[PDB]
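Just one chain is shown here, as structure tokens, and it is the form deposited in one PDB entry.
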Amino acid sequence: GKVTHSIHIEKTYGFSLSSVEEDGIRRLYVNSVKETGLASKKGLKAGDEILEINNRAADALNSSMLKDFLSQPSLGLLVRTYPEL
């Protein structure tokens, strides 16, 4: 199954997110990553689920918070991802 990893990044972070609320919880997924970007360098992948940003649940973030956090000089993520095969 999937595994959960913490990612910490310091100085954009070179990724974008998509959101969905179909199952009763808002979820965030990595929409795309830049190959040379900071997030990809720390192992973030397209299709990863973002469980937390800066230790806050995806379901406990609004759009303004997302944008603010992605603009700051450091960023923490908790991600759920399929292991590499």
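Residue numbers here begin at 1 and follow the sequence given. Only the largest set of C-alpha atoms that superpose within 1.5 Å between the two forms is called the rigid core.
If you look for the form deposited with a partner chain bound, you will not find it shown, but the lines that follow are about it.
After superposing the rigid core, the C-alpha of residue 24 moves by 2 Å or more between this form and the one not shown. Relative to the shown form, the Cα atoms of residue 23 and residue 43 move apart by 3 Å or more in the deposited complex. In the deposited complex, the CA atoms of residue 63 and residue 24 come closer by at least 3 angstroms compared with the shown structure.
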